[PDB]
Each structure stands twice: as structure tokens, then as C-alpha cells.
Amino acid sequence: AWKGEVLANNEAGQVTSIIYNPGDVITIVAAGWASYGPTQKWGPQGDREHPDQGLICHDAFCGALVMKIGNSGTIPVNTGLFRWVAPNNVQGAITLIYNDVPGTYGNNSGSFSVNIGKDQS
């Protein structure tokens, strides 16, 4: 299991120690407050009022938490995933990423605290 923080200004993403293997069941819980630029902050579901201006994940709001598994496409995480299984061909290290437009992470602030574990089978 992994516990850390995903900084909103970290464009490359936070690599975790979790390697998602075929058949794994995982749970993720995310919490905290961050911004993609404004004074206002949002939690891991991001800002439902802000338009998509070229986000790394089009299936979540700006300011949301998303992930890749290996070099997969971005997968929405938001507040977390409960006993979740990836698509069959998806595997590799889990990288956690704040959802913003490429090149615009430098003005971000805050972070999410994220915990990941593998469930029993």
C-alpha cells in the first residue's frame, strides 16, 4: 500500500510504489484542497464550473485527480475508486496526476493526500 501527496503543480505526476498487475483489485481514497490557478480551491473532483481548455483527462473536471497505469491514457480517480479492476490490457506503475492543461501547471497550488491499497482475493 502506498500513501503520499500529489502536488497540483507537478505536471509529470507522482509515481507511486503500486504496480497494477492483471487481476488486481485496488482501492484509492483521495482528500485535500488544490487550485489550478484561482484563489479558490477545490477537492479531488475538481471544478465542475470550469470549461475543458485541453485537459490531460477529458473525462474529469479541471482540478480533479486522475491516474495512469503504465503509459495508459488518463483514468479518472476523483475522490477514489473502491475495489476497482482495470481493463484487461492495463498494467504497470500507478502515476497520480492533477488534471490541468499541459504547460499550465506552474501556477497551481495545494495538493491531494492519496492512499492506495490492494484488496484481498
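Take the two forms, superpose them, and find the largest set of C-alpha atoms that agree within 1.5 Å; that set is the rigid core. Don't overthink the numbering: it's just position in the shown sequence, from 1.
Remark: when the other structures in 9 other deposited structures of this protein are fitted onto this one via the rigid core, 85-93 deviates more than the alternative among 85-93 and 58-66, judged by RMS CA distance. Taking only CA atoms, the mean B-factor in the PDB entry is higher for 80-88 than for the other of 80-88 and 58-66. Set 20-28 against 7-15 and average the Cα temperature factors; 20-28 ends up higher. By the numbers in the PDB entry, the CA B factor is greatest at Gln53 among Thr95, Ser35, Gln53, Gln45.
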